[PDB]
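Peer 1: A single structure is presented below for examination.
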Amino acid sequence: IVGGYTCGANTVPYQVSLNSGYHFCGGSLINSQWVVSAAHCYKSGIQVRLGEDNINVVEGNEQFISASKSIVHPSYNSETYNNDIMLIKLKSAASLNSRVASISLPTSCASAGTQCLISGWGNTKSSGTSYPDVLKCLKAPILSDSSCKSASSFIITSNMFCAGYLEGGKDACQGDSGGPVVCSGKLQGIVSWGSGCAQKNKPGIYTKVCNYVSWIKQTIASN
Ligand SMILES: CC(C)(C)OC[C@@H](NS(=O)(=O)Cc1ccccc1)C(=O)NCC(=O)NCc1ccc(C(=N)N)cc1
Ligand SMILES: [Ca+2]
């Protein structure tokens with residue numbers, strides 16, 4: 001997260017870190033057994049880490065749980081990142097508490113201008129690299145597709161939205177991949193892609209979660 005702030009320990013209790021020897025992606029706890037992340041975060045040997053603040057120190061509120069199944073969306077396109085969403089089933093149920101909590105899925109999509117909270121342990125610099133050990137947060141509005149497309153020249157599919165600031169300075173970044181965009185208490189976005197970080201006219205692009213709720217529900221019912 002570039003141009004954000006230190007969240008405070010366990011203030012984003014649905015935020016998970018995916019670990020394969022090191023933190024490599026975020027994710028969001030959606031019930032005691034399931035995490036939503038980005039399809040581009042898929043790999044074998046994922047351990048889900050819940051209740052994290054400092055990812056390098058055991059502070060006492062963590063739960064580390066192996067993935068039993070990973071399910072990349074059937075239509076994920078790794079060339080364009082269309083349908084950039086994956087479900088991870090935990091080997092055992094998380095013990096839900098004030099620091100390890102689920103976030104609700106949307107009933108309806110969010111409109112342009114809606115303010116959201118984006119979080120993660122990704123790079124905090126627009127130029128060069130520094131990786132924070134504690135969770136960082138950013139407030140950002142959803143942008144209209146038309147303003148986003150005209151400013152950036154990006155192709156925005158129906159399954160993507162832009163959020164952030166066209167003036168630059170505030171954005172998600174590498175290492176925030178898979179993490180939540182929460183708006184009015186609903187998981188509306190997943191950190192997906194962009195061009196650099198926090199650059200003028202290059203806002204962040206997010207998987208449009210509301211389009212996937214039927215898939216998520218059916219998948220959970222059958223797995
Ligand atoms: C067109 C597509 C195949 C999707 O790839 C575009 C690619 N853009 S990039 O400019 O390579 C992403 C990047 C940004 C900073 C350092 C290194 C890489 C990209 O974003 N690749 C995936 C990726 O790196 N995702 C992480 C990410 C998270 C947030 C942001 C952001 N909001 N600015 C950008 C990339
Ligand atoms: Ca920790």
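Identifiers in this document derive from the order of the structure tokens: chains are assigned A, B, ..., residues are numbered from 1 separately in each chain, and ligands are numbered from 1 in order of occurrence.
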Using only C-alpha atoms, determine which residues lie at most 12 Å from residue 223 in chain A, disregarding the query and same-chain residues fewer than 3 positions distant; provide the list as number ranges by chain.
Peer 2: A: 33-34, 68-71, 87-90, 215-220
Peer 1: Using only C-alpha atoms and all ligand atoms, which residues of the polymer chains come no farther than 8 Å from ligand 1? I'd like the answer as an NGL selection string.
Peer 2: :A and (40 or 78-81 or 126 or 171-177 or 191-199 or 202-206)
Peer 1: Could you list, as a short mmCIF file (atom, residue, chain, number, x, y, z; two decimals) with N, CA and C atoms, in the first residue's frame, all protein and nucleic acid residues with an atom at most 9 Å from ligand 2, counting only C-alpha atoms and all ligand atoms?
Peer 2:
data_model
loop_
_atom_site.label_atom_id
_atom_site.label_comp_id
_atom_site.auth_asym_id
_atom_site.auth_seq_id
_atom_site.Cartn_x
_atom_site.Cartn_y
_atom_site.Cartn_z
N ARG A 49 -2.64 -17.52 7.06
CA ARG A 49 -2.30 -16.94 8.35
C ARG A 49 -3.31 -15.88 8.69
N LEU A 50 -4.07 -16.16 9.74
CA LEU A 50 -5.13 -15.29 10.24
C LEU A 50 -4.66 -14.58 11.51
N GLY A 51 -5.27 -13.44 11.83
CA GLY A 51 -4.95 -12.75 13.07
C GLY A 51 -3.60 -12.08 13.08
N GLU A 52 -3.05 -11.85 11.89
CA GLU A 52 -1.73 -11.21 11.77
C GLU A 52 -1.74 -9.70 11.86
N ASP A 53 -0.71 -9.16 12.53
CA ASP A 53 -0.30 -7.78 12.29
C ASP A 53 1.14 -7.76 11.80
N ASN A 54 2.11 -7.88 12.70
CA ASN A 54 3.48 -8.05 12.25
C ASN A 54 3.68 -9.46 11.69
N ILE A 55 3.91 -9.59 10.37
CA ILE A 55 4.05 -10.93 9.76
C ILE A 55 5.37 -11.64 10.06
N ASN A 56 6.29 -10.96 10.75
CA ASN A 56 7.57 -11.55 11.11
C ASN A 56 7.72 -11.91 12.57
N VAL A 57 6.71 -11.64 13.38
CA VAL A 57 6.76 -11.89 14.82
C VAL A 57 5.47 -12.58 15.23
N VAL A 58 5.57 -13.64 16.02
CA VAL A 58 4.38 -14.24 16.62
C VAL A 58 3.97 -13.37 17.80
N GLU A 59 2.87 -12.64 17.63
CA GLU A 59 2.41 -11.68 18.64
C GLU A 59 1.33 -12.24 19.55
N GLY A 60 0.76 -13.39 19.18
CA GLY A 60 -0.13 -14.12 20.10
C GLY A 60 -1.57 -14.30 19.66
N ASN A 61 -1.96 -13.68 18.54
CA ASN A 61 -3.35 -13.76 18.04
C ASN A 61 -3.49 -14.47 16.72
N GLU A 62 -2.40 -15.07 16.26
CA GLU A 62 -2.37 -15.74 14.96
C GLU A 62 -3.05 -17.10 15.00
N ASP A 133 6.36 -4.62 7.84
CA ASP A 133 6.04 -5.85 8.51
C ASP A 133 4.65 -5.85 9.15
N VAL A 134 4.09 -4.66 9.39
CA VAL A 134 2.71 -4.53 9.90
C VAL A 134 1.73 -4.16 8.78
#
Peer 1: Using only C-alpha atoms, which residues sit within 7 Å of residue 102 in chain A once same-chain residues fewer than 4 positions away are excluded, as a PyMOL selection string?
Peer 2: chain A and resi 14+29-31
Peer 1: Print the selection's residues with C-alpha atoms to a file, as a PDB file, in the first residue's frame.
Peer 2:
ATOM      1  CA  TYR A  14     -10.797 -10.536   7.958  1.00  0.00           C
ATOM      2  CA  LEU A  29     -11.858 -14.643   5.442  1.00  0.00           C
ATOM      3  CA  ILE A  30     -15.493 -15.053   4.340  1.00  0.00           C
ATOM      4  CA  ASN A  31     -16.530 -17.749   6.839  1.00  0.00           C
TER       5      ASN A  31
END
Peer 1: I'd like the interatomic distance between CA of residue 72 in chain A and CA of residue 189 in chain A, to a tenth of an Å.
Peer 2: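 So the two atoms, CA of residue 72 in chain A and CA of residue 189 in chain A, lie 16.1 Å apart.
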Peer 1: So the first atom is CA of residue 75 in chain A and the second is CA of residue 35 in chain A; what is the distance between them in Å, to one decimal place?
Peer 2: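 Computing it gives 18.7 Å between the two atoms.
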Peer 1: For residue 3 in chain A, which residue among A:185, A:179, A:122, A:169 is the nearest when counting only C-alpha atoms?
Peer 2: A:169
Peer 1: Of the residues A:142, A:221, A:94, A:112, which is the one nearest to residue 63 in chain A, using only C-alpha atoms?
Peer 2: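 Nearest candidate to residue 63 in chain A out of A:142, A:221, A:94, A:112: A:94.
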Peer 1: Using DSSP on the backbone, list every residue of range 99-171 of chain A that comes out as helix (DSSP H, G or I), and give them as a list in words.
Peer 2: residues 145, 146, 147, 148, 149, 150, 151 and 152 of chain A
Peer 1: With N, CA, C and O atoms retained, write the just-selected residues as a short mmCIF file (atom, residue, chain, number, x, y, z; two decimals), in the first residue's frame.
Peer 2:
data_model
loop_
_atom_site.label_atom_id
_atom_site.label_comp_id
_atom_site.auth_asym_id
_atom_site.auth_seq_id
_atom_site.Cartn_x
_atom_site.Cartn_y
_atom_site.Cartn_z
N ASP A 145 -16.11 3.58 -14.64
CA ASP A 145 -15.40 2.89 -15.71
C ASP A 145 -14.96 3.87 -16.80
O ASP A 145 -13.82 3.80 -17.27
N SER A 146 -15.85 4.78 -17.20
CA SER A 146 -15.51 5.70 -18.27
C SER A 146 -14.38 6.64 -17.94
O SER A 146 -13.50 6.83 -18.77
N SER A 147 -14.36 7.20 -16.73
CA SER A 147 -13.28 8.10 -16.33
C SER A 147 -11.98 7.31 -16.20
O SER A 147 -10.92 7.77 -16.57
N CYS A 148 -12.09 6.09 -15.68
CA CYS A 148 -10.91 5.26 -15.54
C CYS A 148 -10.31 4.92 -16.89
O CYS A 148 -9.11 5.08 -17.09
N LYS A 149 -11.15 4.43 -17.81
CA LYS A 149 -10.71 4.05 -19.17
C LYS A 149 -10.11 5.23 -19.92
O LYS A 149 -9.06 5.08 -20.56
N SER A 150 -10.72 6.40 -19.80
CA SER A 150 -10.23 7.58 -20.52
C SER A 150 -8.93 8.15 -19.96
O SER A 150 -8.11 8.70 -20.69
N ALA A 151 -8.74 8.02 -18.64
CA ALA A 151 -7.51 8.49 -18.02
C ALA A 151 -6.33 7.55 -18.26
O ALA A 151 -5.22 8.01 -18.48
N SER A 152 -6.60 6.25 -18.24
CA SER A 152 -5.57 5.22 -18.20
C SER A 152 -5.28 4.48 -19.51
O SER A 152 -4.19 3.93 -19.67
#
Peer 1: Separation of CA of residue 166 in chain A and CA of residue 111 in chain A, in Å?
Peer 2: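 Atom-to-atom, CA of residue 166 in chain A and CA of residue 111 in chain A are spaced 17.2 Å apart.
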Peer 1: Could you pull out all residues of range 46-211 of chain A with a DSSP call of strand (DSSP E or B) and give them as a count of residues only?
Peer 2: 57
Peer 1: Could you pull the residues within 8 Å of residue 131 in chain A, counting only C-alpha atoms, minus those fewer than 6 positions along the same chain, as a PDB file with C-alpha atoms, in the first residue's frame?
Peer 2:
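For reference, part-v4.pdb as written:
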ATOM      1  CA  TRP A 121       1.586  -5.908   3.456  1.00  0.00           C
ATOM      2  CA  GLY A 122       2.706  -4.897  -0.029  1.00  0.00           C
ATOM      3  CA  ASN A 123       5.318  -2.392  -1.173  1.00  0.00           C
ATOM      4  CA  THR A 124       4.809   1.107   0.286  1.00  0.00           C
TER       5      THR A 124
END
Peer 1: Restricting the calculation to only C-alpha atoms, which member of A:74, A:120, A:128, A:21 is positioned closest to residue 48 in chain A?
Peer 2: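 Distance minimum relative to residue 48 in chain A lands on A:21.
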Peer 1: Near residue 159 in chain A, counting only C-alpha atoms, which residues have an atom at most 9 Å away, once you skip same-chain residues fewer than 5 positions from it, shown as a short mmCIF file (atom, residue, chain, number, x, y, z; two decimals) with C-alpha atoms, in the first residue's frame?
Peer 2:
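Okay, result_7.cif is ready:
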data_model
loop_
_atom_site.label_atom_id
_atom_site.label_comp_id
_atom_site.auth_asym_id
_atom_site.auth_seq_id
_atom_site.Cartn_x
_atom_site.Cartn_y
_atom_site.Cartn_z
CA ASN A 82 -10.11 -11.31 -16.17
CA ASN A 83 -11.92 -13.32 -13.45
CA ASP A 84 -9.03 -12.90 -10.99
CA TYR A 206 -9.78 -4.78 -8.60
CA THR A 207 -11.76 -7.97 -9.16
CA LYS A 208 -15.48 -7.10 -8.99
CA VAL A 209 -16.54 -9.53 -6.26
CA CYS A 210 -20.29 -8.90 -6.57
CA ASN A 211 -20.27 -10.76 -9.92
CA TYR A 212 -18.96 -13.92 -8.21
#
